[PDB]
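Q:
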Amino acid sequence: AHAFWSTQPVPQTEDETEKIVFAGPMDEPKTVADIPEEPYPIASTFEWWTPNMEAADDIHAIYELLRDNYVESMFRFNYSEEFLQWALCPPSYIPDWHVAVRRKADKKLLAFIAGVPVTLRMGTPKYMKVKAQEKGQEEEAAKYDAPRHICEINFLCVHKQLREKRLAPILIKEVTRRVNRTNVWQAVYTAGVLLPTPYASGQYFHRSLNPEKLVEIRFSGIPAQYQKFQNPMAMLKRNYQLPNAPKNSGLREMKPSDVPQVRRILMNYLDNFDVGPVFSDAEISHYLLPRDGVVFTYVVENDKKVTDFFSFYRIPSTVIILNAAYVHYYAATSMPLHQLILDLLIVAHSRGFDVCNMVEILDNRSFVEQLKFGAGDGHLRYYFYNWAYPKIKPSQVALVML
Ligand SMILES: CCCCCCCCCCCCCC(=O)CSCCNC(=O)CCNC(=O)[C@H](O)C(C)(C)COP(=O)(O)OP(=O)(O)OC[C@H]1O[C@@H](n2cnc3c(N)ncnc32)[C@H](O)[C@@H]1OP(=O)(O)O
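Letter by letter, the sequence shown follows residues 11 to 82, 86 to 333, 340 to 421 of PDB author numbering.
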């Protein structure tokens with residue numbers, strides 16, 4: 011059973027999503043006045059709290075909750094206060110979409126969920142519009158084509174002492190109410206677990222950058238078939254060896270003056286996909302300008318024209340440090356994508372990253388074999404709240420989730 015999700019405006023079965031023709035809302039429309047301003051009830055020992063992200067103590071409290079109680086044996090992800098700043102506070106973020114529960118008696122932070130604004134293209138997917146054209150339903154299929162200003166949810170976390178108490182449903186209801194008070198009625202979110210009901214699912218992939226280190230810290234092993242070689246580690250270092258420097262002329266760190274051209278080339282690329290974000294210059298600046306410890310972004314520029322760029326973000330892990344790079348956004352116009360991403364690998368390796376990770380969204384499959392990525396055990400599932408949407412392949416998703 012799904013005692014909570016069965017009550018919510020999401021598709022209830024996979025079959026439901028294989029039969030959805032057009033994008034659009036699931037609930038009939040409501041007004042802001044229909045939504046109460048009183049927060050959702052919670053037990054007397056607890057209080058709702060809206061953290062101030064301009065206050066070092068508040069961001070510290072969030073950091074400590076997630077440090078000990080977020081997604082899980087030899088490694089522990091570390092989401093720094095700077096990383097959390099970055100992820101939670103994009104341009105025009107809404108402070109009360111950062112929703113916390115604290116214990117009244119001692120003010121201990123015990124649960125959290127965050128929404129941030131995103132503008133998303135989420136109209137009827139290409140293959141569904143062809144079926145609609147065939148039936149004279151082009152209009153119904155195109156109704157929701159305009160990019161929509163919605164909520165992206167992340168960092169749901171209930172302290173271990175409060176697990177299995179149905180507090181996550183109360184956090185979800187409360188953030189839903191706060192989003193609906195701003196006249197927003199859809200959200201996008203992801204999870205590594207299967208809930209009702211994803212519109213897309215992609216496997217994770219990894220590429221070792223420093224296999225000697227990975228093996229020493231027991232993050233990677235030496236696979237069975239290398240064990241047959243005379244020198245298994247030299248063969249492993251060989252498989253994954255990278256140049257010391259890239260060979261593409263004009264590759265450099267992205268600067269503020271590159272923002273407008275990066276925005277243009279990224280938006281031209283992301284328009285190719287069924288679901289994807291639309292970013293203003295301020296959002297390009299926020300999400301892509303280099304930020305020590307967090308985001309790394311490079312452009313290929315010559316003659317004052319930016320023709321390509323790539324970005325990756327960092328999530329380090331405590332070894333019970341593993342320095343992981345995650346492919347972020349990119350756009351190639353002057354070179355094959357695999358060469359742009361080779362340059363990403365070379366730069367990440369040079370900066371001391373140990374592994375590069377991605378999910379098979381965007382065109383990430385296109386360079387897997389040649390760049391020595393391997394499939395991993397996880398899948399990232401994409402979901403909408405209050406949005407009927409056909410199943411799509413992960414290569415039609417262009418939204419990277421931090
Ligand atoms: C219009 C605006 C709309 C805005 C809102 C949109 C929707 C946003 C939705 C949220 C998106 C967040 C995405 C995101 O953050 C990225 S996925 C990362 C989620 N966080 C973690 O895994 C952290 C570690 N785990 C915990 O903190 C707890 O185990 C959590 C909090 C996960 C569950 O706490 P608990 O104490 O273990 O469990 P109960 O309180 O007793 O609740 C059990 C109910 O929770 C459902 N559950 C479990 N995991 C979930 C997950 N990852 N998403 C959604 N639902 C999840 C579960 O199916 C069950 O419902 P059911 O009985 O019907 O099956």
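Yeah, the Cβ is synthetic: ideal placement off N, Cα and C, and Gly gets one too.
1. Closer than 8 Å by C-beta to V171: which residues in its own chain qualify, once you throw out the five before and the five after it? Chain order, please.
2. Could you say if the stretch 32-45 and the stretch 405-420 meet the contact criterion of at least three C-beta pairs nearer than 8 Å?
3. In the DSSP assignment, find the unbroken beta strand (DSSP E) run with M377 in it and report its ends.
4. Under 8 Å between the Cβ atoms of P329 and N91?
5. Distance, Cα to Cα, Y300 vs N257?
6. Does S221 come out as helix, strand or coil in the three-state DSSP assignment?
7. Curious, which full-length alpha helix (DSSP H) runs of at least 4 residues does the stretch 233-280 contain?
8. If I follow the unbroken beta strand (DSSP E) through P130, where does it start and stop?
9. Could you give the distance in angstroms between the alpha-carbon of residue 422 and the alpha-carbon of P259?
10. Return yes when the C-beta of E177 is under 7 Å from any heavy atom of ligand 1, and no when it is not.
11. Given that a residue counts as buried once 16 or more other Cβ atoms are within 10 Å of its Cβ, and exposed if not, what is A343?
12. Taking 8 Å as the threshold, find out whether the stretch 226-243 comes into contact with the stretch 362-382 through three or more Cβ pairs.
13. Measure the C-alpha to C-alpha separation of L302 and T41 and round it to an integer number of angstroms.
14. The alpha helix (DSSP H) with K318 in it runs from where to where?
15. The alpha helix (DSSP H) with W99 in it runs from where to where?
16. How about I52 and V129: do their beta carbons lie closer than 8 Å?
17. I want to know whether the stretch 17-25 touches the stretch 192-209 - three or more CB-CB distances under 8 Å.
18. Can the beta-carbon of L421 be found closer than 8 Å to that of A100?
19. How about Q199: is its Cβ closer than 7 Å to a heavy atom in ligand 1?
20. Beta carbon of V416, beta carbon of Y401: below 8 Å?
21. Could you spell out the range, first to last residue, of the beta strand (DSSP E) harbouring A344?
22. Shortest alpha-carbon distance to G395 belongs to which of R220, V308 and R265?
23. Using beta-carbon positions only, say whether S298 and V272 come within less than 8 Å of one another.
24. Contact check, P108 vs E296 under 8 Å by CB: the rounded distance?
25. Using only alpha-carbon positions, find the residue among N62, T55 and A159 that is nearest to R116.
26. How is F32 classed by DSSP in three states: helix, strand or coil?
27. Which residue's Cα is closest to the Cα of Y73: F96, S86 and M87?
28. Closest to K250 by C-alpha separation, out of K268, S270, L222 and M377, would be which residue?
29. How is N167 classed by DSSP in three states: helix, strand or coil?
30. Just reading off the alpha helix (DSSP H) that residue 84 is part of, what are its end residues?
31. Who are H111's beta bridge partners in DSSP?
A: Per the coordinate set shown:
1. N79, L123, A124, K178, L180, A181 and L184.
2. Yes, they touch.
3. Annotation for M377: the continuous beta strand (DSSP E) segment containing it runs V374 to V378.
4. Contact check for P329 against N91 passes: the beta carbons are separated by less than 8 Å.
5. Those two C-alpha atoms are separated by around 27 Å.
6. Reduced to three states, the DSSP call for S221 is strand.
7. Positions of the alpha helix (DSSP H) runs, each at least 4 residues long and wholly inside the stretch 233-280, are given as 245-253 in order along the chain.
8. In the DSSP assignment, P130 falls within the unbroken beta strand (DSSP E) covering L122 to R134.
9. No answer is possible for residue 422: it lies beyond the span of the chain, which begins at 11 and ends at 421.
10. Between ligand 1 and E177, a heavy atom-to-CB distance of less than 7 Å is present.
11. Flag for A343 reads buried.
12. With the cut-off at 8 Å, the stretch 226-243 and the stretch 362-382 touch.
13. Spanning the two alpha carbons is a distance of roughly 38 Å.
14. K318 -> not in any alpha helix (DSSP H); beta strand (DSSP E) instead, spanning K318 to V332.
15. Unbroken alpha helix (DSSP H) run through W99: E94 to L101.
16. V129 is positioned such that its CB atom lies no closer than 8 Å to that of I52.
17. The stretch 17-25 and the stretch 192-209 touch, with no fewer than 3 CB-CB distances between them shorter than 8 Å.
18. Here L421 is near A100, since their CB atoms are less than 8 Å apart.
19. Yes, the Cβ of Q199 comes within 7 Å of a heavy atom of ligand 1.
20. Cβ distance < 8 Å, so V416 and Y401 count as in contact.
21. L341 to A351 is the span of the beta strand (DSSP E), which, as asked, contains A344.
22. The residue from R220, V308 and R265 with its alpha-carbon nearest to that of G395 is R220.
23. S298 is a Cβ neighbour of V272, given a cutoff of 8 Å.
24. Actually they are not in contact, since the Cβ atoms of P108 and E296 sit about 18 Å apart, beyond 8 Å.
25. Among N62, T55 and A159, the Cα nearest to that of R116 belongs to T55.
26. The DSSP-derived three-state label of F32 is coil.
27. When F96, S86 and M87 are compared, the shortest CA-CA separation from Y73 is found for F96.
28. Cα-wise, what sits closest to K250 is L222.
29. DSSP places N167 in strand when its eight states are reduced to three.
30. Residue 84 falls within a stretch that is absent from the model, since the chain runs 82 to 86 with no residues between.
31. Bridge partners of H111: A127.
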